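The structure appears below as structure tokens.
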Amino acid sequence: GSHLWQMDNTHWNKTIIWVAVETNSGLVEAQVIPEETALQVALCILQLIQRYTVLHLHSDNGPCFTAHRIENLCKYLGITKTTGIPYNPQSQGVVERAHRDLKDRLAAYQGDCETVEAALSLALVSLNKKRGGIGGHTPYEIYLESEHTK
């Protein structure tokens, strides 16, 4: 309903992974990146804004999240940007669980794929489309619904 996404960079072995979670639906988006830079982060945001509706972006004070590059990019994309985790108690809950669940799926799929990127895709499909909550609604269905009402 608010389309607020929180992003963070994480590590899975040597691979760095940018991760964004939509707070309302719990929908997860992630992408493997070459290195933790503002340039890569900007590419990730452009991809996110390309595929989904992003009205507000939150993250920690990390350098790659506070560069003028990122600040101006969000202004250009008309995205409200904030810093300093957390945002609100309930959101932090959703985000923490998602990172954990993502890491669990990653541990499962890595042995089934040649690449980490293919393992990440399957891990995201699993989190977003292969589990239900209340009403049997997948995080994907919930997000889609919030999109539809808007």
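Labels used: A, B, ... for chains in the order of the structure tokens, numbers from 1 for residues in each chain, and numbers from 1 for ligands as shown.
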**Message:** With DSSP run on the backbone, what are the strand (DSSP E) residues within stretch 11-117 of chain A? I'd like them as a ChimeraX atom specification.
**Reply:** /A:11-12,15-22,28-33,56-59,80-83
Keeping N, CA, C and O atoms for every residue in the selection just given, could you write it to a file as a tab-separated table (two decimals), in the first residue's frame?
```
chain	number	residue	atom	x	y	z
A	11	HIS	N	26.23	-11.24	1.93
A	11	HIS	CA	27.22	-12.13	1.37
A	11	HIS	C	26.78	-13.56	1.52
A	11	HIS	O	26.21	-13.96	2.53
A	12	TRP	N	27.06	-14.31	0.48
A	12	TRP	CA	26.78	-15.73	0.41
A	12	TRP	C	28.09	-16.23	-0.19
A	12	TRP	O	28.30	-16.10	-1.38
A	15	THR	N	30.30	-14.45	-3.10
A	15	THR	CA	29.42	-13.60	-3.89
A	15	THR	C	28.68	-12.58	-3.05
A	15	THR	O	28.18	-12.88	-1.96
A	16	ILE	N	28.63	-11.34	-3.55
A	16	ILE	CA	27.93	-10.26	-2.87
A	16	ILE	C	26.52	-10.23	-3.45
A	16	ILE	O	26.35	-10.37	-4.66
A	17	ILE	N	25.51	-10.03	-2.62
A	17	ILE	CA	24.14	-10.00	-3.13
A	17	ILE	C	23.33	-8.83	-2.59
A	17	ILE	O	23.12	-8.70	-1.38
A	18	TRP	N	22.89	-7.96	-3.50
A	18	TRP	CA	22.05	-6.82	-3.15
A	18	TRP	C	20.66	-7.40	-2.94
A	18	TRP	O	20.18	-8.17	-3.76
A	19	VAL	N	20.01	-7.01	-1.85
A	19	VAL	CA	18.68	-7.52	-1.52
A	19	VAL	C	17.67	-6.44	-1.15
A	19	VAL	O	17.93	-5.60	-0.30
A	20	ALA	N	16.51	-6.47	-1.79
A	20	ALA	CA	15.47	-5.49	-1.47
A	20	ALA	C	14.20	-6.23	-1.07
A	20	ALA	O	13.81	-7.20	-1.73
A	21	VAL	N	13.56	-5.79	0.00
A	21	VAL	CA	12.34	-6.41	0.46
A	21	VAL	C	11.21	-5.40	0.51
A	21	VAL	O	11.36	-4.32	1.08
A	22	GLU	N	10.07	-5.75	-0.09
A	22	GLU	CA	8.93	-4.84	-0.06
A	22	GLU	C	8.24	-5.14	1.27
A	22	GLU	O	7.76	-6.24	1.49
A	28	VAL	N	10.44	-10.49	-2.05
A	28	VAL	CA	11.88	-10.28	-2.06
A	28	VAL	C	12.45	-10.17	-3.46
A	28	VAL	O	12.04	-10.90	-4.37
A	29	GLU	N	13.39	-9.24	-3.62
A	29	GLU	CA	14.10	-9.03	-4.88
A	29	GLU	C	15.57	-9.01	-4.52
A	29	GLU	O	15.96	-8.41	-3.52
A	30	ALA	N	16.39	-9.68	-5.32
A	30	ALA	CA	17.82	-9.73	-5.04
A	30	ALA	C	18.58	-9.82	-6.34
A	30	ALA	O	18.03	-10.21	-7.36
A	31	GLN	N	19.87	-9.49	-6.29
A	31	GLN	CA	20.69	-9.51	-7.49
A	31	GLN	C	22.15	-9.66	-7.07
A	31	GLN	O	22.59	-9.02	-6.13
A	32	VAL	N	22.89	-10.52	-7.76
A	32	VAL	CA	24.31	-10.68	-7.46
A	32	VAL	C	25.03	-9.47	-8.05
A	32	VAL	O	24.71	-9.05	-9.16
A	33	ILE	N	26.00	-8.92	-7.33
A	33	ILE	CA	26.75	-7.77	-7.86
A	33	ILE	C	28.27	-8.00	-7.80
A	33	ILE	O	28.77	-8.68	-6.89
A	56	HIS	N	9.29	4.47	-1.85
A	56	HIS	CA	10.16	4.85	-0.75
A	56	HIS	C	11.25	3.80	-0.60
A	56	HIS	O	10.97	2.60	-0.59
A	57	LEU	N	12.49	4.26	-0.49
A	57	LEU	CA	13.64	3.38	-0.37
A	57	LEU	C	14.36	3.64	0.96
A	57	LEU	O	14.65	4.78	1.29
A	58	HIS	N	14.65	2.57	1.70
A	58	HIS	CA	15.33	2.69	2.99
A	58	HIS	C	16.55	1.77	3.04
A	58	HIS	O	16.59	0.74	2.36
A	59	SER	N	17.54	2.14	3.84
A	59	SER	CA	18.76	1.34	4.00
A	59	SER	C	19.61	1.87	5.15
A	59	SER	O	19.20	2.79	5.86
A	80	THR	N	11.29	8.51	-2.39
A	80	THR	CA	11.65	9.04	-1.08
A	80	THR	C	12.73	8.13	-0.54
A	80	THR	O	12.59	6.91	-0.55
A	81	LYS	N	13.83	8.72	-0.07
A	81	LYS	CA	14.92	7.93	0.46
A	81	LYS	C	15.24	8.31	1.90
A	81	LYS	O	15.28	9.49	2.24
A	82	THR	N	15.43	7.29	2.73
A	82	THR	CA	15.75	7.49	4.14
A	82	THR	C	16.89	6.56	4.53
A	82	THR	O	17.25	5.67	3.76
A	83	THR	N	17.44	6.77	5.71
A	83	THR	CA	18.56	5.97	6.19
A	83	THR	C	18.52	5.71	7.69
A	83	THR	O	17.75	6.34	8.42
```
**Asked** Between A:45, A:134, A:108, A:147, which is the closest to residue A:74 once you count only C-alpha atoms?
**Response** A:45
**Request:** Show which residues sit within 10 Å of residue A:49, as a list in words. Count only C-alpha atoms, and ignore same-chain residues fewer than 6 positions away.
**Result:**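 Returned residues: residues 43, 55, 74, 77 and 79 of chain A.
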Selection to disk with N, CA and C atoms, as an mmCIF file, in the first residue's frame:
```cif
data_model
loop_
_atom_site.group_PDB
_atom_site.id
_atom_site.type_symbol
_atom_site.label_atom_id
_atom_site.label_comp_id
_atom_site.auth_asym_id
_atom_site.auth_seq_id
_atom_site.Cartn_x
_atom_site.Cartn_y
_atom_site.Cartn_z
ATOM 1 N N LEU A 43 22.496 0.553 -10.368
ATOM 2 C CA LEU A 43 22.009 -0.365 -11.394
ATOM 3 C C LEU A 43 20.872 -1.210 -10.793
ATOM 4 N N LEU A 55 8.130 3.548 -4.138
ATOM 5 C CA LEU A 55 7.808 4.898 -3.698
ATOM 6 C C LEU A 55 8.718 5.398 -2.596
ATOM 7 N N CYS A 74 17.487 8.762 -6.705
ATOM 8 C CA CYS A 74 16.168 8.654 -6.103
ATOM 9 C C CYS A 74 15.351 9.916 -6.343
ATOM 10 N N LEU A 77 14.184 9.660 -9.841
ATOM 11 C CA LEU A 77 13.131 8.658 -9.975
ATOM 12 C C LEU A 77 11.928 8.959 -9.083
ATOM 13 N N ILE A 79 11.728 9.048 -5.824
ATOM 14 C CA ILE A 79 11.664 8.070 -4.743
ATOM 15 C C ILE A 79 12.104 8.683 -3.417
#
```
**Among the residues A:143, A:119, A:34, A:42, the one that comes closest to residue A:4 [using only C-alpha atoms]** =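 Of A:143, A:119, A:34, A:42, the one nearest residue A:4 is A:143, counting only C-alpha atoms.
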**DSSP helix (DSSP H, G or I) residues within chain A, listed as a ChimeraX atom specification** = /A:38-51,63-66,68-76,89-112,116-129,139-148
Store the residues picked out above in a file with C-alpha atoms, as a PDB file, in the first residue's frame.
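The resulting file, part_19.pdb, is shown below:
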```
ATOM      1  CA  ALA A  38      27.372   3.030  -5.559  1.00  0.00           C
ATOM      2  CA  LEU A  39      27.398   2.255  -9.275  1.00  0.00           C
ATOM      3  CA  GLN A  40      26.233  -1.324  -8.790  1.00  0.00           C
ATOM      4  CA  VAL A  41      23.650  -0.205  -6.245  1.00  0.00           C
ATOM      5  CA  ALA A  42      22.322   2.353  -8.749  1.00  0.00           C
ATOM      6  CA  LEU A  43      22.009  -0.365 -11.394  1.00  0.00           C
ATOM      7  CA  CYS A  44      20.068  -2.477  -8.872  1.00  0.00           C
ATOM      8  CA  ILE A  45      17.682   0.384  -8.045  1.00  0.00           C
ATOM      9  CA  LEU A  46      17.053   1.057 -11.744  1.00  0.00           C
ATOM     10  CA  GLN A  47      16.205  -2.637 -12.229  1.00  0.00           C
ATOM     11  CA  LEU A  48      13.905  -2.571  -9.195  1.00  0.00           C
ATOM     12  CA  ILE A  49      12.151   0.592 -10.358  1.00  0.00           C
ATOM     13  CA  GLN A  50      11.947  -1.050 -13.802  1.00  0.00           C
ATOM     14  CA  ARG A  51      10.100  -4.138 -12.563  1.00  0.00           C
ATOM     15  CA  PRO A  63      28.709   4.437   1.770  1.00  0.00           C
ATOM     16  CA  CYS A  64      27.313   2.735  -1.327  1.00  0.00           C
ATOM     17  CA  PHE A  65      23.818   3.739  -0.191  1.00  0.00           C
ATOM     18  CA  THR A  66      24.534   7.387   0.707  1.00  0.00           C
ATOM     19  CA  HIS A  68      25.252  11.646  -4.172  1.00  0.00           C
ATOM     20  CA  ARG A  69      24.896   9.166  -7.016  1.00  0.00           C
ATOM     21  CA  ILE A  70      22.170   7.320  -5.085  1.00  0.00           C
ATOM     22  CA  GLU A  71      20.659  10.437  -3.537  1.00  0.00           C
ATOM     23  CA  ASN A  72      20.276  12.138  -6.901  1.00  0.00           C
ATOM     24  CA  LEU A  73      19.060   8.920  -8.557  1.00  0.00           C
ATOM     25  CA  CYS A  74      16.168   8.654  -6.103  1.00  0.00           C
ATOM     26  CA  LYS A  75      15.293  12.317  -6.608  1.00  0.00           C
ATOM     27  CA  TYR A  76      15.373  11.721 -10.356  1.00  0.00           C
ATOM     28  CA  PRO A  89       9.474  -2.244  14.301  1.00  0.00           C
ATOM     29  CA  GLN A  90       7.181  -4.388  12.141  1.00  0.00           C
ATOM     30  CA  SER A  91       9.085  -3.720   8.907  1.00  0.00           C
ATOM     31  CA  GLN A  92      12.406  -4.731  10.446  1.00  0.00           C
ATOM     32  CA  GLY A  93      10.760  -8.006  11.402  1.00  0.00           C
ATOM     33  CA  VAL A  94       9.708  -8.812   7.843  1.00  0.00           C
ATOM     34  CA  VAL A  95      13.151  -7.860   6.474  1.00  0.00           C
ATOM     35  CA  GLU A  96      15.136  -9.954   8.957  1.00  0.00           C
ATOM     36  CA  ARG A  97      13.044 -13.052   8.329  1.00  0.00           C
ATOM     37  CA  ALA A  98      13.298 -12.612   4.545  1.00  0.00           C
ATOM     38  CA  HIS A  99      17.108 -12.511   4.609  1.00  0.00           C
ATOM     39  CA  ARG A 100      17.136 -15.658   6.732  1.00  0.00           C
ATOM     40  CA  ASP A 101      14.632 -17.459   4.514  1.00  0.00           C
ATOM     41  CA  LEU A 102      16.584 -16.387   1.435  1.00  0.00           C
ATOM     42  CA  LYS A 103      19.775 -17.815   2.875  1.00  0.00           C
ATOM     43  CA  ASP A 104      17.934 -21.073   3.626  1.00  0.00           C
ATOM     44  CA  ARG A 105      16.701 -21.352   0.021  1.00  0.00           C
ATOM     45  CA  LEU A 106      20.165 -20.467  -1.268  1.00  0.00           C
ATOM     46  CA  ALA A 107      21.666 -23.269   0.798  1.00  0.00           C
ATOM     47  CA  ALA A 108      19.191 -25.623  -0.834  1.00  0.00           C
ATOM     48  CA  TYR A 109      19.441 -24.599  -4.483  1.00  0.00           C
ATOM     49  CA  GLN A 110      23.181 -23.919  -4.830  1.00  0.00           C
ATOM     50  CA  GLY A 111      23.860 -27.637  -5.064  1.00  0.00           C
ATOM     51  CA  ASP A 112      21.296 -27.983  -7.869  1.00  0.00           C
ATOM     52  CA  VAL A 116      24.898 -18.788  -7.840  1.00  0.00           C
ATOM     53  CA  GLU A 117      22.748 -16.469  -9.952  1.00  0.00           C
ATOM     54  CA  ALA A 118      20.551 -19.367 -11.108  1.00  0.00           C
ATOM     55  CA  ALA A 119      20.379 -20.551  -7.492  1.00  0.00           C
ATOM     56  CA  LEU A 120      19.309 -17.037  -6.422  1.00  0.00           C
ATOM     57  CA  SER A 121      16.519 -16.923  -9.019  1.00  0.00           C
ATOM     58  CA  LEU A 122      15.068 -20.215  -7.792  1.00  0.00           C
ATOM     59  CA  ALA A 123      15.418 -19.063  -4.187  1.00  0.00           C
ATOM     60  CA  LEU A 124      13.379 -15.931  -5.004  1.00  0.00           C
ATOM     61  CA  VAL A 125      10.693 -17.818  -6.914  1.00  0.00           C
ATOM     62  CA  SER A 126      10.376 -20.098  -3.884  1.00  0.00           C
ATOM     63  CA  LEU A 127      10.035 -17.229  -1.412  1.00  0.00           C
ATOM     64  CA  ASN A 128       7.678 -15.181  -3.531  1.00  0.00           C
ATOM     65  CA  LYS A 129       5.563 -17.750  -5.323  1.00  0.00           C
ATOM     66  CA  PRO A 139       3.941 -12.796  -1.196  1.00  0.00           C
ATOM     67  CA  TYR A 140       3.745 -12.341  -4.956  1.00  0.00           C
ATOM     68  CA  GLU A 141      -0.069 -12.345  -4.931  1.00  0.00           C
ATOM     69  CA  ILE A 142      -0.147  -9.861  -2.071  1.00  0.00           C
ATOM     70  CA  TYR A 143       2.160  -7.434  -3.874  1.00  0.00           C
ATOM     71  CA  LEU A 144       0.206  -7.847  -7.096  1.00  0.00           C
ATOM     72  CA  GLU A 145      -2.951  -7.064  -5.163  1.00  0.00           C
ATOM     73  CA  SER A 146      -1.543  -3.907  -3.582  1.00  0.00           C
ATOM     74  CA  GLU A 147      -0.572  -2.973  -7.135  1.00  0.00           C
ATOM     75  CA  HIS A 148      -4.077  -3.655  -8.477  1.00  0.00           C
TER      76      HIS A 148
END
```
